[PDB]
Amino acid sequence: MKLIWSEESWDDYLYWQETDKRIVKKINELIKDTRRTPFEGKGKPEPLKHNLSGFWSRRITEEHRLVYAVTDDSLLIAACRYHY
Amino acid sequence: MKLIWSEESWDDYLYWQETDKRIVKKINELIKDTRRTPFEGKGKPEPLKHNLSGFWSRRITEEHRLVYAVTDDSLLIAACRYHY
Amino acid sequence: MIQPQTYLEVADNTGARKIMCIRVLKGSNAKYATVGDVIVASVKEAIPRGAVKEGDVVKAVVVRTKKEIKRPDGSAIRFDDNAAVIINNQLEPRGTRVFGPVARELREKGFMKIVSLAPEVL
Amino acid sequence: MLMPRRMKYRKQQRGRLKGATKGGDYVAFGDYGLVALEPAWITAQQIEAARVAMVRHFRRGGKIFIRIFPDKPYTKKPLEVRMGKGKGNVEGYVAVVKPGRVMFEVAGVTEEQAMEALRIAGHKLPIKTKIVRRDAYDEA
Amino acid sequence: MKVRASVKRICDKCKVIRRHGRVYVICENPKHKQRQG
RNA sequence: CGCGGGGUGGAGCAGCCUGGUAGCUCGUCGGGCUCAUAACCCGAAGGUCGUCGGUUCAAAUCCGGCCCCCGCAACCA
RNA sequence: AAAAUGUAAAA
RNA sequence: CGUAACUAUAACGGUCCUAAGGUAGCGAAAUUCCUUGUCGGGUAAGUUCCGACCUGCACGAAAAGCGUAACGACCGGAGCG
RNA sequence: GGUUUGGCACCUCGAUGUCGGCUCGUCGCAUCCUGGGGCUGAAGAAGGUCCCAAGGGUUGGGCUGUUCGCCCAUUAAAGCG
Ligand SMILES: [Mg+2]
Ligand SMILES: [Mg+2]
Ligand SMILES: [Mg+2]
Ligand SMILES: [Mg+2]
Ligand SMILES: [Mg+2]
Ligand SMILES: [Mg+2]
Ligand SMILES: [Mg+2]
Ligand SMILES: [Mg+2]
Ligand SMILES: [Mg+2]
Ligand SMILES: [Mg+2]
Ligand SMILES: [Mg+2]
Ligand SMILES: [Mg+2]
Ligand SMILES: [Mg+2]
Ligand SMILES: [Mg+2]
Ligand SMILES: [Mg+2]
Ligand SMILES: [Mg+2]
Ligand SMILES: [Mg+2]
């Protein structure tokens, strides 16, 4: 299962090695719970509407929430915070 | 050029991130040195052949290395530790 | 009496030597062009370094004609060639000097700089 | 679109439309109906245009009853070809309508609306129309 | 809408004056002026 | 559009004429030979037969309607 | 008889 | 049908068929349909013309192939007088 | 509407010369300018859209047999039948 990272969906985790790795812990933990549960369990993994049609958002804290998008074996990463 | 890892890569990367930060930062350092302009850059680019062929190799710290693939946007990290 | 296809001797140092009358800029169907009328044109042969290169589409004022000009006072003036003086869109001479006499029709037509510059005016 | 899912034959003659109406001369379904004043072949797409037109108007509203069904194949020869060498290939389908046939019926919407919704549909149509209520339509 | 073959009423302040044999449609605002031509 | 030819495993071709299961080469897969990759050797799995209907007891096969590929023909004024 | 090539880090 | 560092393209490969699959050299040509192909050049402006490129509908070697000084009441494109 | 491509095959095959150009025009209006006018998301200058109205106008070149187009330089406009 290959992992996807958009343009903006990269600099995030990347700047997390300069400002508290706390949030990093989530990324990683959330990632694995998605490799065997596309959108089940951790962070009450749910889908999305309009803008994010077909995007499932997993809870990191309450604010941030990395939205994945499994497909023919391939977990995608879009935004760990704000939006696109 | 979106970033893409995979099984042996993310796991290869997590170990680096959770076993030594000297090479973690060195690794993603090149990833940014590539992500933009592949091939030419740091480390010591060099087109690979045979086992890899379509894969490229960036000299890292001698023994260790990092293999990837370039394709009109969308990079592809394949490996983090071990020679070739 | 200049008309399209006519060759005009350029009377100035805009670098050009000879231009071909592309069109007479009077009415919407002006037949000929004479002393004082403006014309569009092609540079047919010019000098080496020069403000103007051949193949350039320029604008100029007719200053000399082989067809006598009739004066309101019953006199007539005729020159040995048909010369013009390249000017820019504001109708100002693109050159810094002007050679050979010019017709005073040039003044009332409103081309002072050329007249002052002209070495003689008949 | 709207066309028979299957047919005994693929091409069928033209035949003339002679007055009367034979059927569907009374409402029987909704509260308001639209009837035909003059005969014609209504195209599978004049209908669908009227239908859509209706709902387009009263969105999320009542229920529309399409009382007619284009089951007759409309033939047409290739552009610029001479007469003969067979019958044209089928170009589409139509429904024979005669003066008196009720084409559409709406129900579950304010009169004021049904009047409009039906009125609009009459415009997407090749013949003159007249709207109706539900009075003496008691053959049932 | 100055001219057409379907002059109707638009706003509640639109009159259907009929002058010079033509069926005009004068209204408070110009954009509604008409004339069945 | 008018004629005639043809869409069959991933590729490229048989099978349709002689209706009663599908073949061939390459590839793919598992195992050897090797220091290793080829090549070479062993043994595998994989085909809705373009599609929607028909004839038959049974349709890749036979009849039909569309759908793309290929090839011919489109003349005299 | 015939049988090819070569995994990229020089202290 | 497939294949080389983005893309492209495919020196390489696979397969089917043949009696054998078009070499050199030419190539939008007295041949190029699409077509006024696309880049140059010439012109103020060029469906022609000249130089190039080749996806040559539909060149190609003695019904010759590609060239060639000289010659031409031959057909084309340009200037000057 | 009857300017296109066609359908039909009615006069014309004891012949109705069939593209383009030139010369000469004349007519229509569904108006390209110019003249009147209504709206406008019309401030003004400039436009847009519809209405009235041919009286008169409606350029010169490059390319091609072209009509047509495209291009150059203009124009009040470079109208369509
Ligand atoms: Mg590639
Ligand atoms: Mg030059
Ligand atoms: Mg093996
Ligand atoms: Mg070595
Ligand atoms: Mg080959
Ligand atoms: Mg050419
Ligand atoms: Mg041609
Ligand atoms: Mg010439
Ligand atoms: Mg010529
Ligand atoms: Mg030759
Ligand atoms: Mg006719
Ligand atoms: Mg006859
Ligand atoms: Mg007859
Ligand atoms: Mg005849
Ligand atoms: Mg006779
Ligand atoms: Mg012709
Ligand atoms: Mg009018």
# chains A, B, ... in the order shown; residues from 1 in each chain; ligands from 1
>>> calpha_fit_rmsd(fixed="chain B", moving="chain A")
1.6 Å
>>> residues_around(residues="residue 34 of chain E", least_positions_apart="4", cutoff="10 Å", atoms="only C-alpha atoms (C1' of nucleotides)", output="MDAnalysis selection string")
(chainID E and resid 1:4 6:9 16 23:27 30) or (chainID I and resid 38:39)
>>> interface_residues(of="chain F", to="chain D", cutoff="10 Å", atoms="only C-alpha atoms (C1' of nucleotides)", output="PDB file with C-alpha atoms (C1' of nucleotides), in the first residue's frame")
ATOM      1  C1'   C F   1     -22.947   5.688 -46.131  1.00  0.00           C
ATOM      2  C1'   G F  53     -31.458 -10.325 -29.234  1.00  0.00           C
ATOM      3  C1'   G F  65     -29.627  -4.973 -34.925  1.00  0.00           C
TER       4        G F  65
END
>>> residues_near_ligand(ligand="ligand 9", cutoff="9 Å", atoms="only C-alpha atoms (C1' of nucleotides) and all ligand atoms", output="PyMOL selection string")
(chain H and resi 46+48) or (chain I and resi 63-64)
>>> write_last_selection(atoms="N, CA, C and O atoms (P, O5', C5', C4', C3', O3' and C1' of nucleotides)", output="PDB file, in the first residue's frame")
ATOM      1  P     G H  46       2.527  37.041 -46.949  1.00  0.00           P
ATOM      2  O5'   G H  46       2.343  36.986 -48.527  1.00  0.00           O
ATOM      3  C5'   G H  46       1.103  36.551 -49.086  1.00  0.00           C
ATOM      4  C4'   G H  46       1.347  35.443 -50.071  1.00  0.00           C
ATOM      5  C3'   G H  46       2.211  34.284 -49.579  1.00  0.00           C
ATOM      6  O3'   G H  46       1.734  33.090 -50.175  1.00  0.00           O
ATOM      7  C1'   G H  46       3.183  35.240 -51.498  1.00  0.00           C
ATOM      8  P     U H  48       1.009  26.994 -52.718  1.00  0.00           P
ATOM      9  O5'   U H  48       1.495  27.673 -54.072  1.00  0.00           O
ATOM     10  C5'   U H  48       0.917  27.313 -55.324  1.00  0.00           C
ATOM     11  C4'   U H  48       1.634  28.020 -56.440  1.00  0.00           C
ATOM     12  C3'   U H  48       3.132  27.784 -56.529  1.00  0.00           C
ATOM     13  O3'   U H  48       3.473  26.600 -57.251  1.00  0.00           O
ATOM     14  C1'   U H  48       2.679  30.101 -56.717  1.00  0.00           C
TER      15        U H  48
ATOM     16  P     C I  63       0.785  38.532 -56.446  1.00  0.00           P
ATOM     17  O5'   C I  63       0.223  37.239 -55.714  1.00  0.00           O
ATOM     18  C5'   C I  63       1.100  36.403 -54.953  1.00  0.00           C
ATOM     19  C4'   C I  63       0.321  35.285 -54.324  1.00  0.00           C
ATOM     20  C3'   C I  63      -0.612  34.563 -55.267  1.00  0.00           C
ATOM     21  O3'   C I  63       0.133  33.593 -55.986  1.00  0.00           O
ATOM     22  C1'   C I  63      -1.717  35.032 -53.225  1.00  0.00           C
ATOM     23  P     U I  64      -0.146  33.375 -57.550  1.00  0.00           P
ATOM     24  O5'   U I  64      -1.487  32.523 -57.537  1.00  0.00           O
ATOM     25  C5'   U I  64      -1.488  31.150 -57.167  1.00  0.00           C
ATOM     26  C4'   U I  64      -2.894  30.701 -56.951  1.00  0.00           C
ATOM     27  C3'   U I  64      -3.828  30.822 -58.142  1.00  0.00           C
ATOM     28  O3'   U I  64      -3.754  29.683 -58.994  1.00  0.00           O
ATOM     29  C1'   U I  64      -4.841  31.767 -56.224  1.00  0.00           C
TER      30        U I  64
END
>>> residues_near_ligand(ligand="ligand 14", cutoff="10 Å", atoms="only C-alpha atoms (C1' of nucleotides) and all ligand atoms", output="list in words")
residues 12, 13, 15 and 16 of chain I
>>> write_last_selection(atoms="N, CA, C and O atoms (P, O5', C5', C4', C3', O3' and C1' of nucleotides)", output="PDB file, in the first residue's frame")
ATOM      1  P     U I  12     -40.390  19.834 -75.146  1.00  0.00           P
ATOM      2  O5'   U I  12     -39.001  20.590 -75.287  1.00  0.00           O
ATOM      3  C5'   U I  12     -38.917  21.765 -76.084  1.00  0.00           C
ATOM      4  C4'   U I  12     -37.605  22.452 -75.866  1.00  0.00           C
ATOM      5  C3'   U I  12     -36.336  21.662 -76.130  1.00  0.00           C
ATOM      6  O3'   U I  12     -36.018  21.646 -77.517  1.00  0.00           O
ATOM      7  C1'   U I  12     -36.112  22.977 -74.156  1.00  0.00           C
ATOM      8  P     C I  13     -35.922  20.249 -78.314  1.00  0.00           P
ATOM      9  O5'   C I  13     -34.618  19.507 -77.763  1.00  0.00           O
ATOM     10  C5'   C I  13     -33.308  20.037 -78.027  1.00  0.00           C
ATOM     11  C4'   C I  13     -32.272  18.938 -78.083  1.00  0.00           C
ATOM     12  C3'   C I  13     -32.574  17.733 -78.955  1.00  0.00           C
ATOM     13  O3'   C I  13     -32.156  18.018 -80.297  1.00  0.00           O
ATOM     14  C1'   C I  13     -31.389  17.155 -76.946  1.00  0.00           C
ATOM     15  P     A I  15     -32.901  23.066 -83.203  1.00  0.00           P
ATOM     16  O5'   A I  15     -32.680  22.223 -81.884  1.00  0.00           O
ATOM     17  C5'   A I  15     -31.363  21.800 -81.487  1.00  0.00           C
ATOM     18  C4'   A I  15     -31.018  22.365 -80.124  1.00  0.00           C
ATOM     19  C3'   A I  15     -30.790  23.861 -80.109  1.00  0.00           C
ATOM     20  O3'   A I  15     -31.147  24.288 -78.804  1.00  0.00           O
ATOM     21  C1'   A I  15     -28.779  22.755 -79.521  1.00  0.00           C
ATOM     22  P     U I  16     -32.614  24.837 -78.515  1.00  0.00           P
ATOM     23  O5'   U I  16     -32.394  25.792 -77.248  1.00  0.00           O
ATOM     24  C5'   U I  16     -32.271  27.212 -77.413  1.00  0.00           C
ATOM     25  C4'   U I  16     -31.692  27.848 -76.180  1.00  0.00           C
ATOM     26  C3'   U I  16     -30.287  27.427 -75.786  1.00  0.00           C
ATOM     27  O3'   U I  16     -29.265  28.121 -76.477  1.00  0.00           O
ATOM     28  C1'   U I  16     -31.690  27.299 -73.900  1.00  0.00           C
TER      29        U I  16
END
>>> residues_near_ligand(ligand="ligand 16", cutoff="10 Å", atoms="only C-alpha atoms (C1' of nucleotides) and all ligand atoms", output="PyMOL selection string")
chain I and resi 19-20+65-67
>>> write_last_selection(atoms="N, CA and C atoms (P, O5', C5', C4', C3', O3' and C1' of nucleotides)", output="PDB file, in the first residue's frame")
ATOM      1  P     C I  19     -21.615  29.653 -66.282  1.00  0.00           P
ATOM      2  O5'   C I  19     -20.446  29.623 -65.206  1.00  0.00           O
ATOM      3  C5'   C I  19     -20.457  28.656 -64.140  1.00  0.00           C
ATOM      4  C4'   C I  19     -19.135  28.648 -63.416  1.00  0.00           C
ATOM      5  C3'   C I  19     -18.575  30.010 -63.078  1.00  0.00           C
ATOM      6  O3'   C I  19     -19.111  30.566 -61.907  1.00  0.00           O
ATOM      7  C1'   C I  19     -16.888  28.679 -64.039  1.00  0.00           C
ATOM      8  P     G I  20     -19.225  32.155 -61.797  1.00  0.00           P
ATOM      9  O5'   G I  20     -17.717  32.628 -61.925  1.00  0.00           O
ATOM     10  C5'   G I  20     -16.811  32.416 -60.860  1.00  0.00           C
ATOM     11  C4'   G I  20     -15.479  33.013 -61.193  1.00  0.00           C
ATOM     12  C3'   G I  20     -15.499  34.461 -61.656  1.00  0.00           C
ATOM     13  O3'   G I  20     -15.600  35.416 -60.605  1.00  0.00           O
ATOM     14  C1'   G I  20     -14.191  33.188 -63.147  1.00  0.00           C
ATOM     15  P     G I  65      -3.538  29.886 -60.577  1.00  0.00           P
ATOM     16  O5'   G I  65      -4.867  30.626 -61.042  1.00  0.00           O
ATOM     17  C5'   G I  65      -4.860  31.474 -62.193  1.00  0.00           C
ATOM     18  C4'   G I  65      -6.262  31.743 -62.647  1.00  0.00           C
ATOM     19  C3'   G I  65      -7.200  32.241 -61.575  1.00  0.00           C
ATOM     20  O3'   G I  65      -7.034  33.634 -61.402  1.00  0.00           O
ATOM     21  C1'   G I  65      -8.256  30.522 -62.820  1.00  0.00           C
ATOM     22  P     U I  66      -6.365  34.197 -60.058  1.00  0.00           P
ATOM     23  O5'   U I  66      -7.567  34.287 -59.031  1.00  0.00           O
ATOM     24  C5'   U I  66      -8.150  33.118 -58.513  1.00  0.00           C
ATOM     25  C4'   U I  66      -9.515  32.922 -59.086  1.00  0.00           C
ATOM     26  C3'   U I  66     -10.698  33.445 -58.278  1.00  0.00           C
ATOM     27  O3'   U I  66     -11.074  34.772 -58.662  1.00  0.00           O
ATOM     28  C1'   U I  66     -10.995  31.155 -58.802  1.00  0.00           C
ATOM     29  P     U I  67     -11.615  35.810 -57.554  1.00  0.00           P
ATOM     30  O5'   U I  67     -13.059  35.258 -57.170  1.00  0.00           O
ATOM     31  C5'   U I  67     -14.208  35.691 -57.906  1.00  0.00           C
ATOM     32  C4'   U I  67     -15.455  34.976 -57.436  1.00  0.00           C
ATOM     33  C3'   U I  67     -15.836  35.082 -55.963  1.00  0.00           C
ATOM     34  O3'   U I  67     -16.578  36.241 -55.654  1.00  0.00           O
ATOM     35  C1'   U I  67     -16.066  32.854 -56.686  1.00  0.00           C
TER      36        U I  67
END
>>> residues_around(residues="residue 20 of chain D", least_positions_apart="4", cutoff="12 Å", atoms="only C-alpha atoms (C1' of nucleotides)", output="number ranges by chain")
D: 24-25, 36-39, 96-101
>>> write_last_selection(atoms="N, CA, C and O atoms", output="short mmCIF file (atom, residue, chain, number, x, y, z; two decimals), in the first residue's frame")
data_model
loop_
_atom_site.label_atom_id
_atom_site.label_comp_id
_atom_site.auth_asym_id
_atom_site.auth_seq_id
_atom_site.Cartn_x
_atom_site.Cartn_y
_atom_site.Cartn_z
N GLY D 24 -58.85 7.61 -23.71
CA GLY D 24 -58.36 8.62 -22.79
C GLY D 24 -58.98 9.99 -22.92
O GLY D 24 -58.30 11.00 -22.76
N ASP D 25 -60.27 10.02 -23.21
CA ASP D 25 -60.99 11.28 -23.37
C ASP D 25 -61.41 11.91 -22.05
O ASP D 25 -61.84 13.07 -22.02
N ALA D 36 -55.73 17.35 -26.13
CA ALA D 36 -55.38 17.78 -27.48
C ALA D 36 -56.56 18.27 -28.29
O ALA D 36 -57.60 17.61 -28.37
N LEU D 37 -56.40 19.43 -28.90
CA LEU D 37 -57.47 19.99 -29.70
C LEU D 37 -57.35 19.53 -31.16
O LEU D 37 -58.35 19.23 -31.80
N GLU D 38 -56.12 19.47 -31.67
CA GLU D 38 -55.86 19.04 -33.06
C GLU D 38 -54.97 17.79 -33.08
O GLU D 38 -54.12 17.63 -32.22
N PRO D 39 -55.16 16.89 -34.06
CA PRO D 39 -54.40 15.65 -34.21
C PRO D 39 -52.95 15.86 -34.64
O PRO D 39 -52.62 16.88 -35.25
N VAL D 96 -49.48 8.78 -31.60
CA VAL D 96 -50.61 9.36 -32.31
C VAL D 96 -51.59 10.00 -31.35
O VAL D 96 -52.13 9.33 -30.48
N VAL D 97 -51.84 11.28 -31.54
CA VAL D 97 -52.76 11.96 -30.67
C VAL D 97 -53.92 12.50 -31.48
O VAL D 97 -53.73 12.99 -32.59
N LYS D 98 -55.13 12.40 -30.94
CA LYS D 98 -56.31 12.90 -31.64
C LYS D 98 -57.10 13.84 -30.73
O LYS D 98 -57.06 13.71 -29.51
N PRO D 99 -57.84 14.79 -31.32
CA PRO D 99 -58.64 15.76 -30.56
C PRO D 99 -59.49 15.11 -29.47
O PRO D 99 -60.50 14.50 -29.77
N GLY D 100 -59.08 15.25 -28.22
CA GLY D 100 -59.86 14.67 -27.15
C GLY D 100 -59.01 13.85 -26.20
O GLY D 100 -59.38 13.64 -25.04
N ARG D 101 -57.88 13.38 -26.70
CA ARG D 101 -56.97 12.59 -25.89
C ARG D 101 -56.36 13.47 -24.80
O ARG D 101 -55.98 14.61 -25.05
#
>>> residues_around(residues="residue 80 of chain A", least_positions_apart="3", cutoff="10 Å", atoms="only C-alpha atoms (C1' of nucleotides)", output="ChimeraX atom specification")
/A:8-13,23,27,57-60,63-68,77,83-84
>>> write_last_selection(atoms="N, CA, C and O atoms", output="short mmCIF file (atom, residue, chain, number, x, y, z; two decimals), in the first residue's frame")
data_model
loop_
_atom_site.label_atom_id
_atom_site.label_comp_id
_atom_site.auth_asym_id
_atom_site.auth_seq_id
_atom_site.Cartn_x
_atom_site.Cartn_y
_atom_site.Cartn_z
N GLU A 8 0.66 20.52 -0.60
CA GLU A 8 0.39 21.05 0.74
C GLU A 8 0.39 19.93 1.77
O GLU A 8 0.72 20.14 2.93
N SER A 9 -0.02 18.75 1.32
CA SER A 9 -0.07 17.56 2.16
C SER A 9 1.32 16.96 2.27
O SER A 9 1.55 15.81 1.86
N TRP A 10 2.26 17.73 2.79
CA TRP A 10 3.62 17.24 2.93
C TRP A 10 4.39 18.17 3.84
O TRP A 10 5.00 17.73 4.80
N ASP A 11 4.35 19.46 3.51
CA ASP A 11 5.06 20.48 4.27
C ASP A 11 4.56 20.49 5.71
O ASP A 11 5.24 20.98 6.61
N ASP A 12 3.37 19.94 5.90
CA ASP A 12 2.74 19.84 7.21
C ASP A 12 3.55 18.93 8.13
O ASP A 12 4.17 19.38 9.10
N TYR A 13 3.55 17.64 7.80
CA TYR A 13 4.27 16.62 8.55
C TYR A 13 5.73 17.02 8.62
O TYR A 13 6.41 16.75 9.61
N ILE A 23 1.83 15.95 17.49
CA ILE A 23 0.94 15.77 16.36
C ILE A 23 1.42 14.68 15.41
O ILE A 23 0.61 14.03 14.74
N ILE A 27 -0.42 11.24 13.30
CA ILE A 27 -0.25 10.95 11.89
C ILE A 27 0.03 9.46 11.72
O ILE A 27 -0.75 8.73 11.11
N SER A 57 -12.51 11.66 6.47
CA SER A 57 -11.71 12.40 7.44
C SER A 57 -11.58 11.72 8.80
O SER A 57 -12.58 11.44 9.47
N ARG A 58 -10.34 11.47 9.21
CA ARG A 58 -10.05 10.83 10.49
C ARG A 58 -9.68 11.91 11.50
O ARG A 58 -9.02 12.89 11.16
N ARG A 59 -10.12 11.73 12.74
CA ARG A 59 -9.84 12.70 13.80
C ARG A 59 -8.42 12.59 14.33
O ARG A 59 -7.98 11.51 14.73
N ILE A 60 -7.70 13.71 14.33
CA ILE A 60 -6.37 13.70 14.91
C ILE A 60 -6.71 14.26 16.30
O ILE A 60 -6.86 13.48 17.25
N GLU A 63 -9.51 19.72 15.90
CA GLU A 63 -9.31 20.75 14.89
C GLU A 63 -8.78 20.05 13.64
O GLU A 63 -9.50 19.83 12.66
N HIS A 64 -7.49 19.71 13.70
CA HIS A 64 -6.83 19.02 12.62
C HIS A 64 -7.48 17.66 12.43
O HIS A 64 -8.04 17.10 13.37
N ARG A 65 -7.41 17.15 11.22
CA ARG A 65 -7.98 15.85 10.91
C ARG A 65 -7.54 15.49 9.50
O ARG A 65 -8.03 16.03 8.50
N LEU A 66 -6.56 14.59 9.42
CA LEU A 66 -6.03 14.17 8.14
C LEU A 66 -7.10 13.38 7.39
O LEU A 66 -7.59 12.36 7.88
N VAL A 67 -7.47 13.87 6.22
CA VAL A 67 -8.48 13.23 5.39
C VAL A 67 -7.80 12.31 4.38
O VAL A 67 -6.98 12.76 3.58
N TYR A 68 -8.15 11.03 4.42
CA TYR A 68 -7.59 10.04 3.50
C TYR A 68 -8.50 9.84 2.31
O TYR A 68 -9.43 10.62 2.09
N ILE A 77 -3.23 11.33 1.23
CA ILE A 77 -3.15 12.35 2.27
C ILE A 77 -3.40 13.68 1.57
O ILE A 77 -2.78 13.97 0.55
N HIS A 83 -7.61 23.08 5.40
CA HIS A 83 -8.30 22.42 4.27
C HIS A 83 -7.32 22.03 3.17
O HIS A 83 -6.18 21.66 3.47
N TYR A 84 -7.74 22.11 1.91
CA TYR A 84 -6.84 21.75 0.76
C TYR A 84 -5.59 22.63 0.84
O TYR A 84 -4.66 22.16 1.55
#
>>> select_by_dssp(residues="chain D", states="strand (DSSP E)", output="ChimeraX atom specification")
/D:32-36,40-43,63-66,72-76,89-97,102-107,129-132
>>> residues_near_ligand(ligand="ligand 17", cutoff="12 Å", atoms="only C-alpha atoms (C1' of nucleotides) and all ligand atoms", output="PDB file with N, CA, C and O atoms (P, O5', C5', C4', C3', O3' and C1' of nucleotides), in the first residue's frame")
ATOM      1  N   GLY E  37     -44.735  44.580 -32.763  1.00  0.00           N
ATOM      2  CA  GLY E  37     -44.402  44.760 -34.164  1.00  0.00           C
ATOM      3  C   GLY E  37     -43.861  43.474 -34.752  1.00  0.00           C
ATOM      4  O   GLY E  37     -43.702  42.504 -33.980  1.00  0.00           O
TER       5      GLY E  37
ATOM      6  P     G I  28     -36.284  48.522 -55.305  1.00  0.00           P
ATOM      7  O5'   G I  28     -36.031  47.130 -54.596  1.00  0.00           O
ATOM      8  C5'   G I  28     -36.960  46.048 -54.768  1.00  0.00           C
ATOM      9  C4'   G I  28     -36.644  44.940 -53.794  1.00  0.00           C
ATOM     10  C3'   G I  28     -36.446  45.402 -52.358  1.00  0.00           C
ATOM     11  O3'   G I  28     -37.673  45.487 -51.655  1.00  0.00           O
ATOM     12  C1'   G I  28     -34.662  44.000 -52.989  1.00  0.00           C
ATOM     13  P     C I  29     -37.828  46.564 -50.482  1.00  0.00           P
ATOM     14  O5'   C I  29     -36.914  45.981 -49.325  1.00  0.00           O
ATOM     15  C5'   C I  29     -37.189  44.688 -48.769  1.00  0.00           C
ATOM     16  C4'   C I  29     -36.171  44.361 -47.718  1.00  0.00           C
ATOM     17  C3'   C I  29     -36.061  45.379 -46.589  1.00  0.00           C
ATOM     18  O3'   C I  29     -35.801  44.693 -45.374  1.00  0.00           O
ATOM     19  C1'   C I  29     -33.984  45.156 -47.688  1.00  0.00           C
ATOM     20  P     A I  30     -36.626  45.065 -44.050  1.00  0.00           P
ATOM     21  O5'   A I  30     -35.922  44.199 -42.911  1.00  0.00           O
ATOM     22  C5'   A I  30     -35.645  42.794 -43.110  1.00  0.00           C
ATOM     23  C4'   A I  30     -34.223  42.461 -42.679  1.00  0.00           C
ATOM     24  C3'   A I  30     -33.136  43.184 -43.455  1.00  0.00           C
ATOM     25  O3'   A I  30     -32.017  43.398 -42.613  1.00  0.00           O
ATOM     26  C1'   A I  30     -33.225  40.860 -44.068  1.00  0.00           C
ATOM     27  P     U I  31     -31.645  44.891 -42.166  1.00  0.00           P
ATOM     28  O5'   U I  31     -30.753  45.448 -43.353  1.00  0.00           O
ATOM     29  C5'   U I  31     -29.453  44.918 -43.598  1.00  0.00           C
ATOM     30  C4'   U I  31     -28.422  45.993 -43.397  1.00  0.00           C
ATOM     31  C3'   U I  31     -28.315  46.562 -41.985  1.00  0.00           C
ATOM     32  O3'   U I  31     -26.970  46.920 -41.730  1.00  0.00           O
ATOM     33  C1'   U I  31     -28.833  48.284 -43.518  1.00  0.00           C
ATOM     34  P     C I  50     -30.274  43.101 -32.395  1.00  0.00           P
ATOM     35  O5'   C I  50     -31.608  43.975 -32.386  1.00  0.00           O
ATOM     36  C5'   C I  50     -32.842  43.419 -31.891  1.00  0.00           C
ATOM     37  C4'   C I  50     -33.862  44.505 -31.656  1.00  0.00           C
ATOM     38  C3'   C I  50     -34.285  45.332 -32.858  1.00  0.00           C
ATOM     39  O3'   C I  50     -35.290  44.718 -33.641  1.00  0.00           O
ATOM     40  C1'   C I  50     -33.829  46.765 -31.052  1.00  0.00           C
ATOM     41  P     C I  51     -35.468  45.158 -35.178  1.00  0.00           P
ATOM     42  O5'   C I  51     -36.113  46.606 -35.096  1.00  0.00           O
ATOM     43  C5'   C I  51     -37.399  46.796 -34.494  1.00  0.00           C
ATOM     44  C4'   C I  51     -37.799  48.247 -34.556  1.00  0.00           C
ATOM     45  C3'   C I  51     -37.730  48.897 -35.921  1.00  0.00           C
ATOM     46  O3'   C I  51     -38.879  48.606 -36.706  1.00  0.00           O
ATOM     47  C1'   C I  51     -36.768  50.329 -34.304  1.00  0.00           C
ATOM     48  P     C I  52     -38.753  48.565 -38.309  1.00  0.00           P
ATOM     49  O5'   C I  52     -38.531  50.094 -38.720  1.00  0.00           O
ATOM     50  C5'   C I  52     -39.563  51.050 -38.464  1.00  0.00           C
ATOM     51  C4'   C I  52     -39.117  52.431 -38.824  1.00  0.00           C
ATOM     52  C3'   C I  52     -38.589  52.632 -40.222  1.00  0.00           C
ATOM     53  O3'   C I  52     -39.626  52.750 -41.163  1.00  0.00           O
ATOM     54  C1'   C I  52     -37.251  53.821 -38.670  1.00  0.00           C
ATOM     55  P     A I  53     -39.427  52.107 -42.610  1.00  0.00           P
ATOM     56  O5'   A I  53     -38.189  52.907 -43.217  1.00  0.00           O
ATOM     57  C5'   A I  53     -38.363  54.230 -43.724  1.00  0.00           C
ATOM     58  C4'   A I  53     -37.030  54.872 -43.981  1.00  0.00           C
ATOM     59  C3'   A I  53     -36.166  54.233 -45.057  1.00  0.00           C
ATOM     60  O3'   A I  53     -36.530  54.695 -46.353  1.00  0.00           O
ATOM     61  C1'   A I  53     -34.867  54.637 -43.115  1.00  0.00           C
ATOM     62  P     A I  54     -36.801  53.635 -47.528  1.00  0.00           P
ATOM     63  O5'   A I  54     -35.338  53.311 -48.065  1.00  0.00           O
ATOM     64  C5'   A I  54     -35.022  53.341 -49.464  1.00  0.00           C
ATOM     65  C4'   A I  54     -33.577  53.685 -49.630  1.00  0.00           C
ATOM     66  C3'   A I  54     -32.960  53.481 -50.998  1.00  0.00           C
ATOM     67  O3'   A I  54     -33.097  54.701 -51.710  1.00  0.00           O
ATOM     68  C1'   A I  54     -31.491  52.787 -49.234  1.00  0.00           C
TER      69        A I  54
END
>>> closest_atom_pairs(of="chain F", to="ligand 3", cutoff="10 Å", atoms="only C-alpha atoms (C1' of nucleotides) and all ligand atoms", output="JSON lines")
{"residue": "F:29", "atom": "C1'", "partner": "ligand 3", "partner_atom_place_in_ligand_line": "1 (Mg)", "distance": 7.9}
{"residue": "F:30", "atom": "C1'", "partner": "ligand 3", "partner_atom_place_in_ligand_line": "1 (Mg)", "distance": 7.6}
{"residue": "F:31", "atom": "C1'", "partner": "ligand 3", "partner_atom_place_in_ligand_line": "1 (Mg)", "distance": 7.6}
{"residue": "F:32", "atom": "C1'", "partner": "ligand 3", "partner_atom_place_in_ligand_line": "1 (Mg)", "distance": 8.9}
{"residue": "F:42", "atom": "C1'", "partner": "ligand 3", "partner_atom_place_in_ligand_line": "1 (Mg)", "distance": 9.9}
